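In the authors' numbering, the protein residues as written are 17 to 69.
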DNA sequence: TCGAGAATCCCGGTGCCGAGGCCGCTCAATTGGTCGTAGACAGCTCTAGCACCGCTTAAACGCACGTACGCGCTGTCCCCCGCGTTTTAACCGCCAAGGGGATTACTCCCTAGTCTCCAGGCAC
């Protein structure tokens, strides 16, 4: 399974990893940080979508 | 009244702790040949704003009832405030234990680079 769906989530991981890789935010990057961004933004999106419903 | 002696005003001397300067120094500032890579210009199109107005069209300008309330005055009424008095803990100095902050670095572990194969993703 790809990294965008290995954790069973909704938001893509490769998209935010490509955004930080060329956005020049650090020298290196840990493996847990893009999926952590994935989890935080998908939880914020799900909460505001439940409130929108 | 003279004069000597004690008190005080003003002038001169001296601690004193913060601003200024300094020797030693030691990991950064300079320059360099190179090298993959940003980037600036240009044909060419294509596409979004602008003007005129065809045709309607609600909406603002401005004046007229009228009464709600902003500003000012008058009376009320009371609650912080100056002040006195009693209490109290803050600041300072000091004795004491010790505990995380700082500095050194190594295997290991996670990433830049690499190529290779595949499943996402807005357009038809």
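Backbone N, C-alpha and C fix where the C-beta goes; we use that ideal spot for every residue, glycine too.
Which residue marks the beginning of the alpha helix (DSSP H) containing residue i, and which one marks its end?
i: residue 52; result: 48-68
i: residue 44; result: Taken as a continuous stretch (DSSP letters only), residue 44 belongs to no alpha helix (DSSP H), as it is neither H nor E.
Residues in its own chain within less than 7 angstroms of residue i by CB, not counting five upstream and five downstream?
i: residue 28; result: 20
i: residue 23; result: 51
Skipping 5 residues on each side, what residues in its chain have a beta carbon closer than 6 angstroms to that of residue i?
i: residue 26; result: 58
i: residue 50; result: 29, 32, 33
So what does DSSP say about residue i, is it helix, strand or coil?
i: residue 35; result: helix
i: residue 24; result: coil
Count the CB pairs spanning the stretch 56-69 and the stretch 34-47 that are closer than 8 angstroms, and state whether there are at least three. no
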